[PDB]
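These values consider heavy atoms only, across backbone and side chains, with no hydrogens, waters or symmetry-generated copies. Numbered from 1 within each chain, the chains take letters A, B, ... in sequence-line order.
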Amino acid sequence: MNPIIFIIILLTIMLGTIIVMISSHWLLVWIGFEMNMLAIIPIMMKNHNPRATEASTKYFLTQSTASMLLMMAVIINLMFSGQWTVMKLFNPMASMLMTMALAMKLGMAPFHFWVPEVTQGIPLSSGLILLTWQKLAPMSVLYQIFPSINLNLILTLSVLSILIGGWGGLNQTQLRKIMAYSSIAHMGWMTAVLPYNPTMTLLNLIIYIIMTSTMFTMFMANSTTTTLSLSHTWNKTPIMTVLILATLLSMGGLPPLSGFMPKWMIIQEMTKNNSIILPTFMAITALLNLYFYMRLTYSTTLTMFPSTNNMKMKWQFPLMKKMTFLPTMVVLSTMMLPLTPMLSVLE
Amino acid sequence: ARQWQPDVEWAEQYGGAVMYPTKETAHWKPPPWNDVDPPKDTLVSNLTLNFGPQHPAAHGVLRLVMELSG
Amino acid sequence: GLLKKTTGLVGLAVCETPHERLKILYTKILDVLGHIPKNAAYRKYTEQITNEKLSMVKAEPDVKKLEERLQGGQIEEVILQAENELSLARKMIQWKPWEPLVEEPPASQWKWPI
Amino acid sequence: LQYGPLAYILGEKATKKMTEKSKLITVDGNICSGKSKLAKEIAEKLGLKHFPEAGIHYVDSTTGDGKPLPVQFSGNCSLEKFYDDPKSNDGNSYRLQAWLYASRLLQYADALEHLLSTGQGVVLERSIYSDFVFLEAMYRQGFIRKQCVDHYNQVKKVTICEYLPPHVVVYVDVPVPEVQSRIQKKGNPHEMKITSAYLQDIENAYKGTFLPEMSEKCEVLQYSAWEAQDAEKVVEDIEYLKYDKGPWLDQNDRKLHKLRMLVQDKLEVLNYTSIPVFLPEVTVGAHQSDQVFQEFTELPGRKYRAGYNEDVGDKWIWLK
Amino acid sequence: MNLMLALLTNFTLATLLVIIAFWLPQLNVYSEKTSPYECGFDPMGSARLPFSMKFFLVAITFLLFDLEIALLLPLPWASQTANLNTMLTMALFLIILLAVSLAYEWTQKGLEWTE
Amino acid sequence: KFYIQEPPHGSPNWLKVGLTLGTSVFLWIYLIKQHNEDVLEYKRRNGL
Ligand SMILES: CCCCCCCCCCCCCCCCCC(=O)OC[C@H](COP(=O)(O)OCCN)OC(=O)CCCCCCCCCCCCCCCCC
Ligand SMILES: CCCCCCCCCCCCO[C@@H]1O[C@H](CO)[C@@H](O[C@H]2O[C@H](CO)[C@@H](O)[C@H](O)[C@H]2O)[C@H](O)[C@H]1O
Ligand SMILES: CCCCCCCCCCCCO[C@@H]1O[C@H](CO)[C@@H](O[C@H]2O[C@H](CO)[C@@H](O)[C@H](O)[C@H]2O)[C@H](O)[C@H]1O
Ligand SMILES: Nc1nc2c(ncn2[C@@H]2O[C@H](COP(=O)(O)OP(=O)(O)OP(=O)(O)O)[C@@H](O)[C@H]2O)c(=O)[nH]1
Ligand SMILES: [Mg+2]
């Protein structure tokens, strides 16, 4: 891939997301989704190996099916309303189809099976796009149709995502599958608060993106994709292990780290609506996420695993990866709890 | 007694395909280091054709056996 | 003389520096023939015809005139023949056909008519 | 402007700098076969960059002040110790072999970077493509376990795939009895303990595995001891080569841009030389690892990224 | 109706001709007569085996080009618009982007058949 | 010590240094005038 071609394709991925976000017409929203899927597959196939081919095919089949259900909902909405405006849907069957269509696009459980596999099959840079940028467009549509979403359906997906994400991460030794299951679990929190306060869905989304972007950027820096490969970081870049520790604890929602904020704010919103059993269940089940974050901090930062002799050759060479924005993202990933009231800007 | 640190036996707990072995995952190997699986040994088969003898371009008595790809 | 654009033979590229290329190949042939016994007719004959060709190359700086003197076609054909001769000389060392006849034929093997 | 996609977009493409003198030549042959002397002559006559064979301290010469570092910063791998006790218990034999391969891999990247960046050809003495000959001889002699051989194949399988083989392979073919004689004349005491079986395993590995493979994708030139004496004859053969096979014919700008992006980042090059496969020969524990690493950063001009060490005369650090 | 009548007559006549062709002639059917044809010698393998497509990349590009016509076919009607300034710009824009896509595939050797 | 290959950062990149200092100074001016003009609008609008 010619560098100019990569930029144009990369700009098209953003263009499709932006089209969804600025569109007031259901057709243009669907077009934006198609444009996004068209441009992301070549990024997935960038390295041209059988695994990347499998991931791209599994991704394409899933996203195509969601687009069909989404467009079906739009046409049903047109029959029962005669209009195309992006807003609440006027038919409950259309609401179900759109909600499920967006659930597949996000990778929410039980439409989650593709997220672990696609993420594992593609490079880290592509996985970063998949688990962060690709969340924006479906969430922005959910942010506009939520008044007509069936409450039981959306909360059922949120609960299942948190459980399935929590349990799925416990068995993983690959860093890309850990980030996939962690992503599934975090998506559950975003949609659980969606019916009550959409602002806290945006807050959780932004903070999830900052923390996920930081973790992928640190994995890219040392070119690590397994738990054991990451366990050598202490012997080359000690500073990196400390940043991984702080970021991982934040992702686990431990105060006083930034990652505690979205969980804190979502519990507040749910209790204000006399929803007590669900936030309690959610917070406890999120302890599964913390458990398999803590294993990574054990093998990465708090202990020292054995090295290999050839590691000494890497002591003589500096990191040359861009690590774009890493110093800023890690500070935002960890030291933002004192600034929590700034969430009103999202209002 | 100096501080304990993980040895090889401890580290290999985290080097398998999964953290918790089960009978359904006994056949799983860790993925390739560089994400590249070996190409298949399978040989793609070329179409074999009789070109003649009974053929306008075979002069009536040439049995040209061709192996074609497309 | 201006360099050719084509040798006229398909697949036989035009050589930019024929004189030097010929001197390299003729010298290599003479080097290889030094490992053949002095009494082998292959060495004496190949050395003789080689030294005559090399002497021409050193005395005629014009590719047209040199081609007329060598009588081997285009100068690129002469280079190809030099390469073929060098290939043969190496093979002859393994074969050693200067050795005495390996075997007489049966009595009437070459008698004709029967 | 450090090389990258932007420099490429602005017109820094490999095709603009290559010629018919932009070749990657490797000189091969058994021990004491005249490789290094021949290699220097080829480079001098063709105006190519000569790379002395990569040893235990090759990486040292490319970083810092260029001097060899103390051997604790190389795992204490010792060539002399290999010749004296090839079966030592501490795994010196394979630890040396694994370190040497990674040294050659690093050198090959440095050679390719020079070729692509400047267009000047290079000459190497052996390479990653022929390093396996010593691996094969070591194992056939029982100097390493079968587990070590499998490890080596794993590292080579994920590293040698990302590069292009040399344009020309020069092979000085010296018979084993001659090598055993030349080693005696040389005077190296440790090297004189090399057995004939070991040398016959290197020759067998070369003549049986290396050259047939290189034939299918490189211009392979072979020479005797006496032909190798005159580098002028060798240069003459190289200058009249065809180059009608191998992957170099299928390379274009975007492919060489990708290759250059790899070989200029040395950590990316060395990534898989340290795969977490815990062999006893190459594994090191935290207490030894941590202790040596802290020593490494105390070395002169080694605590900070090059250009940021005041204890070696670097200035303007508060503006860098 | 007329169109449906016309289509039915056309395919009714064709079917009648096939029926006549199959039931009028005297038939003598045996295995060698009906064996697959291949120049006098038995076929070597199945004709259902995969047949490689060398123009596969052109074939996919046809799908994308074959939808440009649907976007361009309304042009004669669009020429009747009051807003001709916007028309002509957008009509020329589509055709140019189609031309650019063709040039890209051409310059990148996408139209060359694989060997 | 003295490096066998010249470091990429042996010499300051004076162009980046000039721009980096210029951006920091420029933003600080913009922030002060911006802030100072927000106060006057706030004072004027509220009768202060
Ligand atoms: C104020 C409101 C916000 C409140 C939220 C909490 C704020 C803290 C958030 C921290 C954000 C991450 C930034 C942490 C900076 C860590 C710096 C440090 O620890 O030193 C790095 C040191 C490097 O070692 P060295 O080889 O000598 O130097 C190489 C680098 N030039 O590294 C090492 O050598 C250490 C290697 C051993 C690992 C030790 C691990 C245990 C100690 C970790 C301490 C940091 C814990 C951070 C976790 C969050 C704590 C709240
Ligand atoms: C890579 C992207 C490539 C994009 C390329 C787009 C090319 C478009 C070129 C401009 C095409 C139209 O160009 C424009 O046409 C209209 C006619 O319709 C002209 O307009 C003229 O005729 C119209 C009506 O026909 C009158 O109302 C108007 O008074 C008069 O100015 C403009 O004078 C001319 O500038
Ligand atoms: C607005 C509509 C009208 C505008 C024209 C739009 C189509 C433009 C088509 C592309 C033209 C340039 O792109 C094209 O690239 C190839 C590179 O493989 C060039 O070169 C190639 O073309 C010809 C034919 O294939 C070969 O004989 C030649 O060996 C090869 O080099 C062409 O000479 C050039 O024409
Ligand atoms: N085990 C091992 N020894 C190696 C390797 N490369 C070199 N050596 C040894 O390092 C020493 C120098 O290598 P050589 O270049 O082949 O020997 P030499 O004396 O220089 O002979 P020349 O070809 O003329 O240069 C020899 O003792 C080699 O056995 C290697 O990849 N593995
Ligand atoms: Mg040497």
*Residues in side-chain hydrogen bond (donor to acceptor under 3.5 Å, both in side chains) with D:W248, at least two apart?*
none
*Contacts of A:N310 that satisfy side-chain hydrogen bond (donor to acceptor under 3.5 Å, both in side chains) - sequence neighbours left out*: none
*Listed by chain and number, what are the salt bridge (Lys or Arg N to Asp or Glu O under 4.0 Å) partners of B:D37, not counting sequence neighbours?*
A:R51
*A:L130 vs A:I43 side-chain heavy atoms within contact, under 4.5 Å*: no
*Of all pairs that satisfy ring pair (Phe, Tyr, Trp, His ring centres under 6.0 Å), the ones with a partner from residues 208-238 of chain A, not counting sequence neighbours*: A:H186-A:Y208
*State yes or no: are the ring centers of D:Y108 and D:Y129 separated by less than 6.0 Å?*
yes
*May I have all residue pairs that pass side-chain hydrogen bond (donor to acceptor under 3.5 Å, both in side chains) and include part of residues 3-14 of chain D, sequence neighbours excluded?*
D:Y3-D:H257
Contacts table for residues 14-25 of chain F: side-chain donor-acceptor under 3.5 angstrom, sequence neighbours left out:
from  : atom 1 : to    : atom 2 : distance (Å)
F:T20 : OG1    : F:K16 : O      : 2.8
F:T23 : OG1    : F:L19 : O      : 2.7
F:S24 : OG     : F:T20 : O      : 3.2

*Excluding sequence neighbours, so at least two apart, what forms side chain to side chain contact (heavy atoms under 4.5 Å, CB included) with A:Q172?*
A:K177, A:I178, A:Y181
*Is a salt bridge present between D:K16 and D:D253, judged by a nitrogen-to-oxygen distance below 4.0 Å?*
no
_Mutual orientation of the aromatic rings belonging to A:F305 and B:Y14 [parallel < 30°, tilted 30-60°, perpendicular > 60°]_ = tilted
*Sequence neighbours left out, what passes side chain to side chain contact (heavy atoms under 4.5 Å, CB included) with A:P318? Give chain and number order.*
A:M320, D:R305
*D:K157 versus B:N34: any side-chain heavy-atom pair under 4.5 Å?*
no
*Quick one: are D:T63 and D:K266 in side-chain contact, heavy atoms under 4.5 Å?*
no
Just list the side-chain donor-acceptor pairs under 3.5 Å for residues 159-167 of chain D, sequence neighbours left out, or say none.
from   : atom 1 : to     : atom 2 : distance (Å)
D:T159 : OG1    : D:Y101 : OH     : 2.9
D:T159 : OG1    : D:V155 : O      : 2.4
D:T159 : OG1    : D:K156 : O      : 3.4
D:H167 : ND1    : D:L24  : N      : 3.1

*Do the non-hydrogen side-chain atoms of D:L267 and A:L319 ever get within less than 4.5 Å of each other?*
yes
*Closest approach of A:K46 and A:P123, non-hydrogen atoms and distance?*
NZ-CG, 4.2 Å
*asked:* Could you walk me through whether B:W33 and D:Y272 satisfy the ring pair (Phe, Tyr, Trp, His ring centres under 6.0 Å) test, starting with their C-alpha distance in whole Å, then the side-chain angles of each, then the deciding distance to 0.1 Å, before giving a yes or no?
replied: CA-CA 8 Å; B:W33 298 111; D:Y272 301 118; 8.1 Å; no
_Going by salt bridge (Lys or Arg N to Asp or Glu O under 4.0 Å), name the residues that satisfy it together with D:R126, two or more places apart in sequence or in a different chain._
D:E53
*D:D314: what forms a salt bridge (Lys or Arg N to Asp or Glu O under 4.0 Å) with it, not counting sequence neighbours?*
none
Return a table of donor-acceptor pairs under 3.5 angstrom between the side chains of residues 325-336 of chain A and protein atoms on other chains or two or more places apart.
from   : atom 1 : to     : atom 2 : distance (Å)
A:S333 : OG     : A:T214 : OG1    : 3.0
A:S333 : OG     : A:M329 : O      : 2.6
A:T334 : OG1    : A:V330 : O      : 2.8
A:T334 : OG1    : A:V331 : O      : 3.4

